[PDB]
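*Asks:* I'd like to ask some things about the structure below.
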Amino acid sequence: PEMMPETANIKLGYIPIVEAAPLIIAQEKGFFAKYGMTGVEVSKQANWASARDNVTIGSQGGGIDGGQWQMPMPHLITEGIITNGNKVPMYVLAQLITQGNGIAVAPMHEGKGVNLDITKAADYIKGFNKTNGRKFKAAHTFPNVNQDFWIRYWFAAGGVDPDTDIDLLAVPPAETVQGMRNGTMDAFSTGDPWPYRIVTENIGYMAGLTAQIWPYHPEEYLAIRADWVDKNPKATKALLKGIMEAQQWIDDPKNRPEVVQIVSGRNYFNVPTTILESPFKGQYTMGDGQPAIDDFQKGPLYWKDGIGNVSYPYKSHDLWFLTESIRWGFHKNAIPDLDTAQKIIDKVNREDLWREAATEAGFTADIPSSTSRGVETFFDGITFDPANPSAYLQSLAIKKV
Ligand SMILES: [Ca+2]
């Protein structure tokens, strides 16, 4: 009864991308059941807006109790910032993965220098309307979160202001890719399994992977409503242990063929396994005359990366997401300063539960010693010191503060 979950049921949402792997694998390989969570429903969300709506509603209303999220969605939902004032407190419990994301660009931009560092192509992009009849058009999957941040960082590092120099919009992924085929979309912030299809089907090329923009960067996370977690503490830790074991399992190369087979199944991603076999080996055809990537360390990682533990949710990473939100002037009234950002993080990030769950499960040797992963370094040399986010913001060339 000590480890017995208060309830064996929970509804967790996911989006059909590699970031969802730990949830799918924990369920399909019996890791959730091992700890008593035999009633986990891994529910596919139609899109990010729908996932947001479903967690706001909650399972009792026909929605979800938590799930996979781009950052800082849990924080924004907790503060009612993206729910029209409906504050639904949530807890960030674990990071699901790092990498497995990238930026794609249309073929018409090849030989223009639109690669990892777009500095030399800045003027080309900025004057696209006069030369090509329209503003450079790029898209993400939901505003103010991960993909938006990745493409914005990429543009801004090369001298392109994502708010004034281009048309950065939120567009469905299928509509976005179709746009690239039609010659109306110039680039988009995506992730696996999308890159493979884009390059193999000559829809475009890969300007760069997020693994190149910020090696081992924080990515998507598991977050559950605070009311559910507060009511079911034992069940919450059981879920964490199941996820941790699944992450460890996924990172063993020997299990990746099965991982790919399972997630690509009809009842999940529903896509040909061939489009994910390469990424899970760290293999990517970049195109545009650039060398292909062949490095396991540059593909998706779920348990351990080159810096620290992937799963442990470092508060310094929540801090970067809120600091970058401030950089772009997002939620000007709700998050007006870094102090407010830290207060939100202390209410949302529950790294303490991750530590507790890891300890009980026997993973003490993998627990990071600090809540900070230290100074972070981006591909353009900019560094983020969690101890001084103000200095990070001031070191950036393009920003709204
Ligand atoms: Ca992502």
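*Asks:* Could you check the range 1-36 and list, in sequence order, the residues that are more than 16 Å from the ligand (Cβ to nearest atom), over 23 Å from residue 56 (Cβ atoms) and among the hydrophobic types (A, V, I, L, M, F, W, C)?
*Replies:* Within the range 1-36, 3, 4, 8, 25, 26, 31, 32, 33 meet the criteria.
*Asks:* Name the residues in the range 283-293 that are among the hydrophobic types (A, V, I, L, M, F, W, C) and surrounded by 16 or more Cβ atoms within 10 Å (Cβ to Cβ), would you?
*Replies:* The answer is 286, 293.
*Asks:* I would also like to ask the following. Pick out the one residue from 229, 160 that is touching a helix residue (DSSP H, G or I) at 6+ places or on another chain (Cβ under 7 Å), assigned by CATH to the domain that holds residue 20 and away from the ligand (no atom under 16 Å from the Cβ).
*Replies:* The conditions single out 229.
*Asks:* While we're here: Could you tell me whether residue 115 is within 16 Å of the ligand (Cβ to nearest atom), surrounded by 23 or more Cβ atoms within 10 Å (Cβ to Cβ), polar (S, T, N, Q) and in contact (Cβ under 8 Å) with a residue 12 or more places away in the chain?
*Replies:* no
*Asks:* Continuing with this model, one more query. Within the range 371-397, how many residues are touching a residue at least 12 places away in the same chain (Cβ under 8 Å), touching a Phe, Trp or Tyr at 6+ places or on another chain (Cβ under 8 Å) and in a loop (DSSP other than H, G, I, E, B)?
*Replies:* Residues flagged as touching a residue at least 12 places away in the same chain (Cβ under 8 Å), touching a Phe, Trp or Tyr at 6+ places or on another chain (Cβ under 8 Å) and in a loop (DSSP other than H, G, I, E, B) within the range 371-397 amount to 7.
*Asks:* Can you go through 280, 296 and tell me which one is crowded, with 18+ Cβ neighbours inside 10 Å and out of contact with any strand residue (DSSP E or B) (no Cβ under 8 Å at 6 or more places or on another chain)?
*Replies:* Answer to the selection: 280.
*Asks:* Does the range 101-108 include one or more residues that are in contact (Cβ under 8 Å) with a residue 40 or more places away in the chain, outside any strand (DSSP E or B), surrounded by fewer than 22 Cβ atoms within 10 Å (Cβ to Cβ) and outside the structural domain of residue 324 (by CATH)? Quick ask: steps written out before the conclusion?
*Replies:* Going residue by residue through the range 101-108, those that are in contact (Cβ under 8 Å) with a residue 40 or more places away in the chain are 101-108.
Checking which are outside any strand (DSSP E or B) leaves us with 106-108.
With surrounded by fewer than 22 Cβ atoms within 10 Å (Cβ to Cβ) added as a condition, the list becomes 107-108.
Subset that is outside the structural domain of residue 324 (by CATH): 107-108.
Checked against the condition, which is being in contact (Cβ under 8 Å) with a residue 40 or more places away in the chain, outside any strand (DSSP E or B), surrounded by fewer than 22 Cβ atoms within 10 Å (Cβ to Cβ) and outside the structural domain of residue 324 (by CATH), the range 101-108 yields at least one hit.
Every residue, every condition in (1) more than 18 Å from residue 282 (Cβ to Cβ); (2) without any contact (Cβ under 8 Å) to a residue 24 or more places away in the chain, yes or no:
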site: 223; (1), (2): yes, no
site: 226; (1), (2): yes, no
site: 232; (1), (2): yes, no
site: 240; (1), (2): yes, no
site: 243; (1), (2): yes, no
site: 246; (1), (2): yes, no
site: 251; (1), (2): no, no
site: 257; (1), (2): no, yes
site: 260; (1), (2): no, yes
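*Asks:* Which residue out of 3, 71 is touching a helix residue (DSSP H, G or I) at 6+ places or on another chain (Cβ under 8 Å) and surrounded by 24 or more Cβ atoms within 10 Å (Cβ to Cβ)? So that I can check it myself, show each step before the final result.
*Replies:* Values: 3 fails: surrounded by 24 or more Cβ atoms within 10 Å (Cβ to Cβ).
Unique residue meeting the criteria: 71.
*Asks:* Please tell me if residue 220 is within 15 Å of the ligand (Cβ to nearest atom) and either under 30 Å from residue 38 (Cβ atoms) or more than 15 Å from the chain's Cα centre (by Cα) (or both).
*Replies:* Details: within 15 Å of the ligand (Cβ to nearest atom): yes; either under 30 Å from residue 38 (Cβ atoms) or more than 15 Å from the chain's Cα centre (by Cα) (or both): yes.
The answer is yes for residue 220.
*Asks:* Output the number of residues of the range 78-108 satisfying the condition of being in contact with a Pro (Cβ under 8 Å, 6 or more places away or on another chain) and more than 16 Å from the ligand (Cβ to nearest atom).
*Replies:* The first filter runs over the range 78-108 and keeps only residues in contact with a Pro (Cβ under 8 Å, 6 or more places away or on another chain), leaving 78, 90-100, 102, 104.
Of the ones still in play, those that are also more than 16 Å from the ligand (Cβ to nearest atom) are 78, 90-91, 93.
Final tally of qualifying residues: 4.
*Asks:* Let me ask you something else. Of all residues in the range 156-196, how many are closer than 18 Å to residue 287 by Cβ, β-branched (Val, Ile, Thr) and more than 18 Å from the chain's Cα centre (by Cα)?
*Replies:* Number satisfying all stated conditions: 2.
*Asks:* Evaluate the following for residue 216: is it of a type in the set (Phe, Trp, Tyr), touching a residue at least 24 places away in the same chain (Cβ under 8 Å) and in contact with a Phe, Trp or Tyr (Cβ under 9 Å, 6 or more places away or on another chain)? Reasoning before the result, please.
*Replies:* On the way: of a type in the set (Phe, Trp, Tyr): yes; touching a residue at least 24 places away in the same chain (Cβ under 8 Å): yes; in contact with a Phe, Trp or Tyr (Cβ under 9 Å, 6 or more places away or on another chain): no.
Taking the combined requirement at face value, the residue does not satisfy it.
*Asks:* Here are some residues: 142, 149. Which one is part of a loop (DSSP other than H, G, I, E, B), within 16 Å of the ligand (Cβ to nearest atom) and either farther than 21 Å from residue 47 by Cα or of a type in the set (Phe, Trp, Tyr) (or both)? Spell out the reasoning first.
*Replies:* Numbers: 149 fails: part of a loop (DSSP other than H, G, I, E, B).
None of the other options fit; the residue is 142.
*Asks:* If we keep just the residues of the range 188-210 that are hydroxyl-bearing (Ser, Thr, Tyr) and within 15 Å of the ligand (Cβ to nearest atom), which is nearest to residue 112 (Cα to Cα)?
*Replies:* Going through the qualifying residues, I end up with 189.
*Asks:* Let me ask something additional. Mind listing whichever residues of the range 118-135 are in a loop (DSSP other than H, G, I, E, B) and either within 16 Å of the ligand (Cβ to nearest atom) or crowded, with 17+ Cβ neighbours inside 10 Å (or both)?
*Replies:* 118, 135
*Asks:* Just need a number here: residues in the range 41-59 that are surrounded by fewer than 20 Cβ atoms within 10 Å (Cβ to Cβ) and free of Cβ contacts under 8 Å to residues at least 40 places away in the same chain.
*Replies:* Adding up the residues that qualify gives 6.
*Asks:* Then there is this: Is it the case that residue 62 is surrounded by fewer than 24 Cβ atoms within 10 Å (Cβ to Cβ) and within 23 Å of residue 242 (Cβ to Cβ)?
*Replies:* So residue 62 fails the test.
*Asks:* Further question: Failed condition for residue 316, given (1) surrounded by fewer than 16 Cβ atoms within 10 Å (Cβ to Cβ); (2) of a type in the set (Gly, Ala, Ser); (3) within 17 Å of the chain's Cα centre (by Cα), with all others met?
*Replies:* Of everything listed in (1) surrounded by fewer than 16 Cβ atoms within 10 Å (Cβ to Cβ); (2) of a type in the set (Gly, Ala, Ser); (3) within 17 Å of the chain's Cα centre (by Cα), residue 316 misses just condition (1).
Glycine also receives a Cβ, built like all others from the backbone with ideal geometry; neighbour counts cover every protein chain displayed. Basis: the model, the stated rules and, where named, an outside source; none is laboratory data.
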